[PDB]
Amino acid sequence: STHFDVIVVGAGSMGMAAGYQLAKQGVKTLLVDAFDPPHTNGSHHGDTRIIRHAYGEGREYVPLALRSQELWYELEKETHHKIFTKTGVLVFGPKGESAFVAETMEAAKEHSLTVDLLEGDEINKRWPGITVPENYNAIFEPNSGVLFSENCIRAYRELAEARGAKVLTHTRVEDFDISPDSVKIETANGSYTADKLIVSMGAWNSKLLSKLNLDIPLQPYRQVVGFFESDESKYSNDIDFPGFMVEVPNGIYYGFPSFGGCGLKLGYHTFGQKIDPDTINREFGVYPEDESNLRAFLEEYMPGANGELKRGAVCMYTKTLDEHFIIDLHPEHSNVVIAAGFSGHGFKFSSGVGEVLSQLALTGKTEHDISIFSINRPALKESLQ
């Protein structure tokens, strides 16, 4: 017997941010999650996340990146949890052979972002611990950094709840009933209604959007990360080793400086196992590629950070065909908002997206230009059942 103004299904990176934005405005919100956020079953754990402004995936993301950065600084001031460390982000690759590096440079120029350009030995000299061939070039963004993702979700949740938002945990939504003037969700712990619905189930969007009569190609990928004992005099955040995302012949890698001695963290971005979110093996090390693809990068580019494996994590990316997000109203229901297919690069925008989802649910519009994330774009290959 409890109607809500807005129901958020999936209270992770996007959902909890939306919950906070709504609660902050006095909107009676209910957030439902299959687990208890922040947790290690979705796409937001592993402690840290990179936030970049000059965007290699496309200069069109810059405005949202900058707005999210300001929102992260706001969050830092509101909670006792640590939110952001300004490590700076280094992007490098073989000269003339990296669309990622090239677009990062164009994005910086187009938006007048503050960056340093360097190449070859200048890279190795500036950051002892990095060994790149002389034909490599780079763009460093000093004001970009590292977000503590689990802390962000925890902070958004504590703040939203302090303002009246309710979070129903360990409750998996199994079906939806949408009408022109209301929405309803069904779970084993009961059913709930509201005027608006925000759907942000992460990897599970690939399995349950069909319950909303949507048919969108979405592929979940198993993506691991490892923490390695490193030479702290070189790879510690304390001596300014940066976060980084780089392109080499066999793909894109990313990493973080060692924070408080927990070790340099590394991940292989362009390769992962296609999986189903309910059958994925969440144990690091079960596939030999988990650790080997990482050491293959370290022994070659960051040899002093190739020590004992201290920790591993298994997480998921949910890719769309063009690797751009889906943030829009359900094409048949203006009272339903969809947030999906973040394709391995959405956390840094979660604060900004929470704001967009909020506007979409309350007004059916957003002040942000979100056309590139349209659910009706052709490259997406979307359709109704």
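Start at 1 with the first residue shown and count on from there. Definition used throughout: the rigid core is the maximal C-alpha set that superposes within 1.5 Å between two forms.
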Between 53-61 and 323-331, the one drifting more in C-alpha RMS in 4 other deposited structures of this protein once the core is aligned is 53-61
Between 56-64 and 348-356, the record assigns the higher mean Cα B factor to 56-64
For 96-104 versus 149-157, entry-based mean Cα B-factors point to 96-104
In this crystal structure's PDB entry, the residue among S374, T366, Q21, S13 with the greatest CA B factor is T366
Residue set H269, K86, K82, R282, per-entry CA B-factor max assigned to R282
Of the three thirds of the chain ranked by Cα temperature factor, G42 occupies the lowest
Assert third(CA B-factor, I370) within chain per record equals highest
Here the Cα B-factor of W127, set against its chain, lands in the third termed highest
In terms of its chain's C-alpha B-factors, the third that includes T187 is the middle
Among the modelled residues of its chain, the C-alpha B-factor of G251 falls in the third labelled middle
